[PDB]
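**Student:** Chains as they are written, first to last, in PDB author numbering: chain D, 361 to 480; chain A, 2 to 192, 200 to 600; chain B, 361 to 600. Note that the Cβ used here is the ideal one computed from N, Cα and C, for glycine as well. What follows is a single structure, and I will ask about it in a moment.
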Amino acid sequence: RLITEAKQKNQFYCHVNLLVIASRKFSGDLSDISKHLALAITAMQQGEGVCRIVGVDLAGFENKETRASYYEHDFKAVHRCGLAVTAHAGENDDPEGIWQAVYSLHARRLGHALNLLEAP
Amino acid sequence: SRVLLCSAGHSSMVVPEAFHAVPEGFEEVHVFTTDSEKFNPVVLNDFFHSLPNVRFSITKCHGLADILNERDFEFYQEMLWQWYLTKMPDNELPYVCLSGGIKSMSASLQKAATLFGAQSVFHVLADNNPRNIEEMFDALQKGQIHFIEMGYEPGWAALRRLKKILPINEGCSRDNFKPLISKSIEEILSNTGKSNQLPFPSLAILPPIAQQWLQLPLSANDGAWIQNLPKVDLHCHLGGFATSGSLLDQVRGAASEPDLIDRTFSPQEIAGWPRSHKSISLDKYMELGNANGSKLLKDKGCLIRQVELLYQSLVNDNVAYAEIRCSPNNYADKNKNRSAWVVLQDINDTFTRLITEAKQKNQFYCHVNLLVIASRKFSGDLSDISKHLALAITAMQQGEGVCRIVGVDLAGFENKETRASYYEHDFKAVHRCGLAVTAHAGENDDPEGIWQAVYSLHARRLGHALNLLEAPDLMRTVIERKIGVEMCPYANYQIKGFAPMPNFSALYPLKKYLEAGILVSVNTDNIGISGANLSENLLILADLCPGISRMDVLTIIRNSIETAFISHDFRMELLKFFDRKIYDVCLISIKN
Amino acid sequence: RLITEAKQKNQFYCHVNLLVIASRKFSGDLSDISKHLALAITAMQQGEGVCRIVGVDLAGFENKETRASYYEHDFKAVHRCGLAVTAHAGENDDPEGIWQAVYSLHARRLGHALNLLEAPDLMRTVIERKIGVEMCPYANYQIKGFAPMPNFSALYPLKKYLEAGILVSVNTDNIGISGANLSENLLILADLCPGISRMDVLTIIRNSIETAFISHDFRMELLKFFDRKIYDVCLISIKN
RNA sequence: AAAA
Ligand SMILES: Nc1ncnc2c1ncn2[C@@H]1O[C@H](COP(=O)(O)OP(=O)(O)OP(=O)(O)O)[C@@H](O)[C@H]1O
Ligand SMILES: Nc1ncnc2c1ncn2[C@@H]1O[C@H](COP(=O)(O)OP(=O)(O)OP(=O)(O)O)[C@@H](O)[C@H]1O
Ligand SMILES: Nc1ncnc2c1ncn2[C@@H]1O[C@H](COP(=O)(O)OP(=O)(O)OP(=O)(O)O)[C@@H](O)[C@H]1O
Ligand SMILES: Nc1ncnc2c1ncn2[C@@H]1O[C@H](COP(=O)(O)OP(=O)(O)OP(=O)(O)O)[C@@H](O)[C@H]1O
Ligand SMILES: Nc1ncnc2c1ncn2[C@@H]1O[C@H](COP(=O)(O)OP(=O)(O)OP(=O)(O)O)[C@@H](O)[C@H]1O
Ligand SMILES: [Mg+2]
Ligand SMILES: [Mg+2]
């Protein structure tokens with residue numbers, strides 16, 4: 361509605377797309393990842409709209425507890441439907457974890473990841 | 002009401018002392034007696050017309066005297082039962098006394114009182130055996146005459162529809178007999201776990217005669233009892249309901265945009281439907297329903313009309329719970345901004361609005377839950393099954409509402425490529441979220457396919473699966489894991505062919521499944537395509553599985569309740585309601 | 361022999377079945393689990409006898425090192441043969457481990473698992489799949505500690521489990537170590553889980569029958585006899 | 001076959 365009403369009066373408007381965060385909790389109810397992935401998959405099917413869901417975010421603690429090497433099975437369907445994958449790598453991003461996120465999770469965008477220079 | 006019935010023999014003075022039983026007198030009195038001339042109606046008449054408000058009548062059985070023969074006794078019993086049924090008050094049980102006469106007709110009257118109900122069975126006795134009217138007059142004035150009451154009797158609540166279906170029979174002879182009670186009594190036990205398989209514990213409080221009428225084999229004449237029963241349907245496709253006929257016509261008429269619909273196409277008809285004499289292939293069966301479905305339910309109006317008509321058919325069949333299978337993607341299109349999600353939401357909203365409207369008016373309503381069908385390799389890329397799974401998962405999270413999505417449905421084409429052993433990674437999420445899984449594995453699938461469905465997909469129900477006998481280990485693992493199986497007698501009979509299918513020897517294994525303990529259920533698959541609702545689907549078991557009993561029908565209903573994808577609290581509430589309703593109908597359906 | 365000689369004189373007898381514990385030692389000889397599984401599978405083939413092997417138990421310390429995320433390859437065969445699996449998830453049973461036991465290990469009945477209250481999804485799965493939980497009142501009360509034991513405010517979850525719909529069975533674990541038989545284990549619930557009723561005890565017995573590893577015909581016969589005996593004892597108690 |  362905001363984008364459409366800004367376009368109606370012909371002024372500057374910020375096109376906005378949405379990313380559904382698949383947060384890691386590990387304090388129980390780990391089905392939150394599945395719920396978020398399914399919600400994003402069926403939300404992208406809206407079709408119309410200037411604003412639309414374009415992908416998912418791999419937020420949560422980036423520790424070894426919930427890295428990207430465990431959930432390729434979940435994300436095969438996400439890649440099948442056409443949703444891009446973004447991985448948070450702000451803290452304790454071991455090079456092997458980032459490599460797994462790139463190659464097993466097929467992430468097309470890495471969050472932060474300021475320690476890439478250590479692994480050529 | 003407040004009626005006496007009594008048996009008059011040599012001494013007719015039993016009728017007045019029976020009349021004086023209560024401390025306020027009665028309203029009507031009728032006495033049945035044999036044809037012997039020893040009994041004097043004049044004594045009863047002179048005692049009785051002094052009270053004109055009391056209607057008195059005498060019935061005599063022609064051709065019977067002293068009842069010294071077995072044929073005499075059977076004729077007297079038949080006549081006395083008919084007379085009791087004719088003089089049965091409409092709403093209230095009558096009073097009856099059996100002090101007079103020999104043991105034969107007294108025991109006959111007691112048995113009749115047990116069979117057709119009696120407000121109070123009592124006995125009258127006196128020390129001096131009064132003969133003249135002043136004799137028992139003085140006896141009752143002093144108090145010598147005592148009233149003997151061995152206890153109230155409720156009788157069997159409904160056995161009076163025999164009066165409706167049998168005529169008055171004023172002119173009778175030695176030919177028109179009804180051995181309908183003797184046959185039940187003989188077949189009580191003339192034939200292990202059948203006695204302990206008692207479902208709906210209130211069935212125990214049923215009359216013993218009713219309890220063993222339930223033990224008698226099911227017959228095609230039990231249609232009214234089957235229809236009046238509250239039933240459960242777990243395999244009912246939404247699309248294959250209004251396939252052809254008037255329902256299809258009105259569904260087409262209620263379209264929002266009638267121009268785009270194709271009213272020209274009609275499905276080919278098989279002679280003898282629904283009791284087809286030739287096997288039909290699965291693709292031909294699906295094509296039989298091409299009139300309705302994806303090519304017609306695209307518009308909102310047709311879908312809403314189909315949902316409303318399906319709910320009306322369900323509630324008109326006395327189905328108290330149903331699990332409708334739907335494929336929202338098949339009725340979705342981006343042309344008018346109609347995704348699968350909004351189609352599913354339309355179905356859910358229509359169902360919940362109908363249920364709430366029917367419940368507010370305090371009418372019988374069918375709680376309906378939805379299953380999202382996840383076809384595999386249907387429209388090209390395999391992303392369709394993942395999209396269906398995600399849609400079902402997201403549809404669960406609605407939470408508030410009467411109708412809710414409870415599980416998903418699967419279908420594998422032939423073997424190998426789509427059986428059960430490839431998508432565990434997909435189904436890990438569907439199991440985490442809480443959805444249930446049902447498999448359509450009935451396409452002559454290998455026992456390994458059923459095994460993978462049971463273990464790899466953790467399916468809680470199996471579609472059809474009529475070939476479990478060849479794999480005893482499969483039967484053992486299905487029974488042990490309490491995995492219910494859903495079979496549609498009409499669809500399975502038409503597609504596969506079961507006796508009395510012409511040129512076919514295979515028998516329906518539903519009876520053997522019930523004996524082995526499988527949580528079997530009876531469903532409809534597609535109502536429109538098969539042309540048979542749940543009632544006749546249950547009724548056809550009298551021919552598909554000869555020797556099945558009414559207890560087996562109630563056990564099938566109980567298994568349908570147990571295997572339904574519902575929460576424990578809701579399951580307990582549904583079980584309580586089903587038990588009460590089943591007791592109510594079984595009390596008032598053995599009448600015929 | 362004991363059961364047959366009890367039946368011959370026509371007295372009360374206790375039909376017993378055996379569970380082969382798939383124990384863990386980890387001080388060497390890791391093939392012990394495989395040997396136990398094979399022994400149970402072969403012993404099931406005996407066929408005859410009133411007492412027969414009906415399943416296996418995943419006993420031993422349940423630390424994360426030996427959770428149910430590995431031995432699926434072992435237990436595929438045991439599921440194929442027809443042996444039920446019981447998981448001894450007493451201590452340190454994280455929800456992920458119990459979930460793996462339910463789905464990866466296909467456990468038909470769990471041991472203890474008193475911490476299902478905190479996990480709602482796990483409870484819903486356990487209720488829906490109709491898998492029993494074996495909680496021993498005296499053993500859990502002594503080890504874990506619940507009310508009315510001093511300095512312990514944790515409440516026993518048996519009443520909540522029964523209310524939710526869990527197929528809960530009351531057991532003994534060890535008659536000697538705990539010092540209480542099954543009757544005392546059922547009796548202690550009067551104060552361990554206040555507000556529990558006698559009909560709830562009958563429900564517990566029914567759940568124990570339903571979750572037992574027995575064939576359908578034997579289960580029906582057992583249920584018939586149990587209904588008979590329960591009716592008799594209830595009538596006797598109410599008439600005296 | 002102790003209101004035939
Ligand atoms: N915030 C924005 N403001 C203006 N135009 C945008 C903006 N974001 C994207 N555009 C693009 O500019 C065009 C919007 O205006 P329009 O489609 O009428 O063409 P235009 O007027 O020639 O371009 P412009 O608006 O830059 O002058 C679109 O091509 C649109 O993709
Ligand atoms: N016996 C079956 N075997 C395989 N697939 C089936 C069967 N019955 C139904 N289906 C599935 O249902 C759909 C076929 O019907 P359709 O697509 O037209 O809509 P429907 O609501 O499922 O049923 P219908 O339209 O016939 O009333 C397909 O997705 C199909 O996979
Ligand atoms: N189609 C139905 N018709 C009538 N009652 C149903 C139906 N389906 C379920 N029930 C049960 O009836 C009750 C619905 O009404 P409600 O939940 O308010 O309780 P209730 O009114 O006391 O019971 P009842 O409606 O049988 O008199 C529930 O117990 C429900 O399980
Ligand atoms: N699983 C069993 N099946 C049958 N009888 C059993 C079973 N277990 C114990 N019994 C014995 O049967 C009796 C329990 O049922 P019940 O009291 O009704 O006697 P019953 O039915 O005459 O014996 P049965 O069931 O062997 O024919 C007890 O004597 C009991 O020792
Ligand atoms: N809480 C438990 N967890 C795992 N295993 C257990 C547990 N309790 C008993 N066991 C099993 O019992 C055995 C431990 O003791 P042991 O091997 O000496 O035989 P036991 O007679 O069953 O017990 P014990 O002799 O120590 O009293 C092992 O088989 C072990 O797996
Ligand atoms: Mg079907
Ligand atoms: Mg133990």
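Strictly by DSSP, which residues pair up with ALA447 (chain B)?
**Tutor:** In the third sequence, counting from the first residue as 1, residue 447 (chain B) sits at position 87. Bridge partners of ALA447 (chain B): B:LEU418 and B:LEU470.
**Student:** Give a yes or no on contact between the region 23-36 of chain A and the region 49-66 of chain A, applying the rule of three or more CB pairs nearer than 8 Å.
**Tutor:** Yes: the two stretches touch, three or more of their Cβ pairs being nearer than 8 Å.
**Student:** For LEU126 (chain A), which three-state DSSP category applies?
**Tutor:** Taking the second sequence and counting its residues from 1, one reaches residue 126 (chain A) at position 125. Strand at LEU126 (chain A).
**Student:** When every heavy atom of ligand 6 is checked, does at least one fall within less than 7 Å of the C-beta of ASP291 (chain A)?
**Tutor:** Within the second sequence, the letter at position 283 stands for residue 291 (chain A). The answer is no for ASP291 (chain A).
**Student:** From which residue to which residue does the alpha helix (DSSP H) around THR563 (chain B) run?
**Tutor:** What you label residue 563 (chain B) is simply residue 203 of the third sequence in a count that begins at 1. Note, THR563 (chain B): alpha helix (DSSP H), 558-570.
**Student:** Would you call the region 361-378 of chain B in contact with the region 398-412 of chain B, where contact means no fewer than 3 C-beta pairs closer than 8 Å?
**Tutor:** Touching, per the Cβ criterion.
**Student:** In terms of residue numbering, what span does the beta strand (DSSP E) encompassing residue 615 (chain A) cover?
**Tutor:** Here chain A covers residues 2 to 600 and nothing more, so residue 615 (chain A) does not appear.
**Student:** Classify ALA428 (chain A): buried if its beta carbon has 16 or more other beta carbons within 10 angstroms, exposed otherwise.
**Tutor:** As a first step, residue 428 (chain A) must be located in the second sequence, where it is residue number 420. Looking at its Cβ environment, which holds 16 or more other Cβ atoms inside 10 Å, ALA428 (chain A) is buried.
**Student:** Please identify the residue among A:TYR521, A:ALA9, A:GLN219 and A:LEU542 whose C-alpha is closest to the C-alpha of residue 196 (chain A).
**Tutor:** A gap in chain A, from 192 straight to 200, means residue 196 (chain A) has no coordinates in the model shown.
**Student:** Just list the residues that DSSP pairs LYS61 (chain A) with in beta bridges.
**Tutor:** By one-based count along the second sequence, residue 61 (chain A) stands at place 60. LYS61 (chain A) is bridged to A:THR34.
**Student:** Please state the DSSP three-state secondary structure of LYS519 (chain A).
**Tutor:** For the purposes of this step, residue 519 (chain A) is taken as the residue at position 511 of the second sequence. If DSSP states are grouped into helix, strand and coil, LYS519 (chain A) belongs with the helices.
**Student:** May I ask which residues mark the beginning and end of the alpha helix (DSSP H) holding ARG427 (chain A)?
**Tutor:** Sequence index remark: in the second sequence, residue 427 (chain A) carries index 419 (1-based). Segment: none, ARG427 (chain A) is in no alpha helix (DSSP H) and carries neither H nor E.
**Student:** Going by CA-CA distance only, name the one from B:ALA467, B:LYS424 and B:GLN371 that's closest to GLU432 (chain B).
**Tutor:** Taking the third sequence and counting its residues from 1, the one referred to as residue 432 (chain B) is at position 72. The residue with the shortest Cα to Cα distance from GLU432 (chain B) is B:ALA467.
**Student:** Under the criterion of a Cβ to heavy atom distance below 7 Å, does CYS374 (chain D) qualify as lining ligand 1?
**Tutor:** As a working mapping, residue 374 (chain D) is identified with position 14 in the first sequence. Checking every heavy atom of ligand 1 against the Cβ of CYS374 (chain D), one is found closer than 7 Å.
**Student:** What in chain B is Cβ-close to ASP481 (chain A), meaning under 7 Å?
**Tutor:** Translated into the one-based positions of the second sequence, residue 481 (chain A) becomes position 473. Near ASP481 (chain A) (Cβ distances below 7 Å), the residues of chain B are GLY442.
**Student:** Establish whether the CB of residue 193 (chain A) and some CB of chain D are separated by less than 8 Å.
**Tutor:** Looking at chain A, the numbering goes 192 and then 200, which leaves residue 193 (chain A) without any coordinates in this model.
**Student:** What does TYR96 (chain A) pair with, by DSSP beta-bridge criteria?
**Tutor:** Numbered from its first residue, the second sequence carries residue 96 (chain A) at position 95. Bridge partners of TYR96 (chain A): A:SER121.
**Student:** Just grab the DSSP bridge partners of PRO225 (chain A) for me.
**Tutor:** Along the second sequence, one-based indexing puts residue 225 (chain A) at 217. According to DSSP, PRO225 (chain A) bridges with A:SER557.
**Student:** Step through the CB atoms of chain A and report whether any lies within less than 8 Å of the CB of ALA398 (chain D).
**Tutor:** Mapped onto the first sequence, residue 398 (chain D) falls at position 38. True, the Cβ-Cβ gap to chain A drops below 8 Å.
**Student:** Would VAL125 (chain A) and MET151 (chain A) be called neighbours here (beta carbons separated by less than 8 Å)?
**Tutor:** Taking the first residue of the second sequence as 1, we reach residue 125 (chain A) at position 124. Taking the first residue of the second sequence as 1, we reach residue 151 (chain A) at position 150. No, the Cβ-Cβ distance between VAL125 (chain A) and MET151 (chain A) is not below 8 Å.
**Student:** Leaving aside the five residues before and after residue 602 (chain A) along the sequence, list all residues of the same chain whose C-beta is less than 6 Å from its C-beta, in chain order.
**Tutor:** Coverage of chain A is limited to positions 2 through 600, which leaves residue 602 (chain A) absent and any answer about it impossible.
**Student:** Between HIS396 (chain A) and ligand 2, is the CB less than 7 Å from at least one heavy atom?
**Tutor:** As a working note, residue 396 (chain A) is residue 388 in the second sequence. No, the Cβ of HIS396 (chain A) stays beyond 7 Å of every heavy atom of ligand 2.
**Student:** So is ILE68 (chain A) buried or exposed if we call it buried at 16+ other beta carbons inside 10 Å?
**Tutor:** The residue labelled residue 68 (chain A) in the question sits at position 67 within the second sequence. When all chains shown are included, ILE68 (chain A) counts as buried.
**Student:** CA-CA distance, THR426 (chain D) and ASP357 (chain A)?
**Tutor:** Here residue 426 (chain D) refers to the residue found at position 66 of the first sequence. Here residue 357 (chain A) refers to the residue found at position 349 of the second sequence. Each residue's Cα considered, the two are about 39 Å apart.
**Student:** What number of angstroms, rounded off, separates the C-alpha of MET404 (chain B) from the C-alpha of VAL414 (chain B)?
**Tutor:** Looking up residue 404 (chain B) in the third sequence gives position 44. Looking up residue 414 (chain B) in the third sequence gives position 54. If I take the Cα positions, the gap works out to 7 Å.
**Student:** Should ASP434 (chain D) be labelled buried (16 or more other beta-carbon atoms within 10 Å of its own) or exposed?
**Tutor:** One-based indexing of the first sequence puts residue 434 (chain D) at position 74. Classification of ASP434 (chain D): buried, given that the 10 Å Cβ count is 16 or more.
**Student:** Which residue or residues does DSSP assign as beta-bridge partners of residue 615 (chain A)?
**Tutor:** For residue 615 (chain A) there is no data in the structure shown, the boundaries of chain A being 2 and 600.
**Student:** For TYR373 (chain A), write down the residues that DSSP places opposite it in a beta bridge.
**Tutor:** Here residue 373 (chain A) corresponds to residue number 365 of the second sequence, with the count starting at 1. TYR373 (chain A) pairs with nothing; no bridge assigned.
**Student:** Rounding to the nearest angstrom, what Cα-Cα distance links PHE117 (chain A) and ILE598 (chain A) in this structure?
**Tutor:** For the purposes of this step, residue 117 (chain A) is taken as the residue at position 116 of the second sequence. For the purposes of this step, residue 598 (chain A) is taken as the residue at position 590 of the second sequence. In a straight line, the C-alpha of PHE117 (chain A) is about 12 Å away from that of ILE598 (chain A).
**Student:** Select from the region 558-579 of chain B all residues with a C-beta closer than 7 Å to any C-beta belonging to chain A, and list them in chain order.
**Tutor:** The residues in question are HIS576 and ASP577.
**Student:** For chain B, check one thing: does any of its Cβ atoms lie closer than 8 Å to the Cβ of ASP434 (chain D)?
**Tutor:** Taking the first sequence and counting its residues from 1, one reaches residue 434 (chain D) at position 74. Judged by the 8 Å Cβ criterion, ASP434 (chain D) is not in contact with chain B.
**Student:** Assign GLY231 (chain A) to one of two classes, buried (16 or more other C-beta atoms within 10 Å of its C-beta) or exposed (fewer than that).
**Tutor:** For the purposes of this step, residue 231 (chain A) is taken as residue 223 along the second sequence, with counting starting at 1. It is exposed - the Cβ of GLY231 (chain A) has fewer than 16 other Cβ atoms within 10 Å.
**Student:** Run through DSSP, which three-state label would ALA507 (chain B) get?
**Tutor:** For the purposes of this step, residue 507 (chain B) is taken as the residue at position 147 of the third sequence. Here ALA507 (chain B) sits in coil by DSSP.
**Student:** Anything with a beta carbon under 6 Å from a heavy atom of ligand 6 counts; list them all in chain order.
**Tutor:** Every residue passing the under-6 Å Cβ criterion appears here: A:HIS243, A:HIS245, A:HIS448, A:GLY471 and A:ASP533.
**Student:** Comparing the C-beta of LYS385 (chain D) with each C-beta of chain A, is any distance below 8 Å?
**Tutor:** Along the first sequence, one-based indexing puts residue 385 (chain D) at 25. No, because no Cβ of chain A sits closer than 8 Å to the Cβ of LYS385 (chain D).
**Student:** Give the range of the alpha helix (DSSP H) segment to which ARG361 (chain A) is assigned.
**Tutor:** Mapped onto the second sequence, residue 361 (chain A) falls at position 353. Note, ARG361 (chain A): alpha helix (DSSP H), 348-368.
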